[PDB]
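A single chain comes next, written as structure tokens; it is the form deposited in one PDB entry.
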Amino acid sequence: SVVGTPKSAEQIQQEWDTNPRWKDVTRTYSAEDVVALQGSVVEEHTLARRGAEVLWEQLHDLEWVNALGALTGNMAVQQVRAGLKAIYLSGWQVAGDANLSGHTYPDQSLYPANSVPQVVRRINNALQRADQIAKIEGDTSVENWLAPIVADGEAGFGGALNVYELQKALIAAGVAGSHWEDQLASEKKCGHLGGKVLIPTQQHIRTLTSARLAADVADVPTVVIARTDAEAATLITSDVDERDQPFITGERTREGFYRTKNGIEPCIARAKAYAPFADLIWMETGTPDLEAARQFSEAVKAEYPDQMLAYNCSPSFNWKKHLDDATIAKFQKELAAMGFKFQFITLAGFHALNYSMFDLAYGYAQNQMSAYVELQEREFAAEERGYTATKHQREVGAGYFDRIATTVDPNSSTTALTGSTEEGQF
């Protein structure tokens, strides 16, 4: 069999040399090194390839790509139904409510390292079902159900090999892009939690190199995003890297960590060091501030004019405490003009899920069915805007599985939608 035969080093090198995808991309390893790791067969990763290709085209074609954190398949389906063109998969939300330990965790890399890959696979499965249903329903209102997924690689759950395996698993699950931050994995934090410990600049370049190598061995053009936590972090594991030494105070903690001077200066320095290894760069920041965003963007683009940036529109900010309604309304449009081409609300799904169930349950506790009927009536009203989930049986594929059943046995007595209350009452 010739199925999945690897490319030659010469073919890979020719693609690196000529495909404009790789115009601004440094690889410190060789094409021969990639082939050496591929064995005799390379599995095709259709959704990872398609998603990465679509995401790269969108980042260059659209004014910007925006996304909301999704922690369930149905969440991603509604994001795409509502007109969004990308899915954001938050590690924070996976820690809080969707990880393979079954526990609720704060955002400290506590959950099992295959948790985000499993949610990537789940979101792709949910979008595939919506795509399958749309086809049998003749629904062409959504152009692309398979929206690219950008997923959270955190600090890679250890060393370069832990990074490699997480990137490989995200690709197997069908990820389009992944982000990687310059924190110590054993002390990893939410960008907006305290107690952050940076790793040396060269160690994060190793992480970004490992993430690219896993994508190259998997033969897919995954979008690699570099995140820096240097705006708030006051600790670093080591002063070994001369690029980090300007910020080192000389003081050490009892753990052996070095105190370091935080702020935009070390973020700009790290962003420039990461740029040759990053398709997008993201700096975590303490406030939603267009002027601070402009300072970062202008400083990076002075050295790397074509470097695209990413911006976390964090729910960890109290928005109307900091900004007026006019500034809130223009916020993403203004960032887009500075080169922030991927913009995302990390914890949108956590807030939508927790608030909506609190609101319904509180009403139900007081007024029982009156509270539920208020929601059902809002759902009927949303059908005008394209909402379909009021008809919950077809939404989860009852019509699709009926079509499988009648394909196998046209005369089946046990199909689902005929005689359903959905057919009768909706």
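When you see a residue number, it is the position in the sequence shown, counting from 1. Note that the rigid core is defined as the largest set of C-alphas that superpose within 1.5 Å between two forms.
- Judged by mean Cα B factor in the deposited record, 182 to 190 ranks above the other of 203 to 211 and 182 to 190.
- Stretch comparison (283 to 291 versus 218 to 226) by mean CA B-factor in the PDB entry places 283 to 291 on top.
- Which of 297, 101, 72, 114 has the largest Cα B-factor in the deposited entry comes down to 297.
- Across the options 131, 154, 303, 107, the residue with the most elevated CA B-factor in the record is 303.
- Split the chain's modelled residues into thirds by C-alpha temperature factor. Residue 121 is in the lowest one.
- Sort the chain's modelled residues by C-alpha temperature factor and residue 397 lands in the lowest third, per the entry.
- For residue 46, the recorded CA temperature factor ranks within the lowest third of the chain's modelled residues.
- The PDB entry assigns residue 338 a C-alpha temperature factor belonging to the highest third of its chain's modelled residues.
- For residue 68, the recorded CA temperature factor ranks within the lowest third of the chain's modelled residues.
FYI, the form deposited in another entry isn't displayed, but the following is about it.
- Just one of the listed positions, 212, 122, 81, 188, moves its Cα by at least 2 Å between this form and the one not shown when the rigid core is held fixed, and it is 188.
- Core-aligned CA deviation for residue 412 between this form and the one not shown: 2 Å or greater.
- Between the C-alpha atoms of residue 253 and residue 190, a gap narrowed by no less than 3 Å is obtained in the other entry, as opposed to the form on display.
- In the other entry, the separation between the C-alpha atoms of residue 189 and residue 257 shrinks by 3 Å or more relative to the displayed form.
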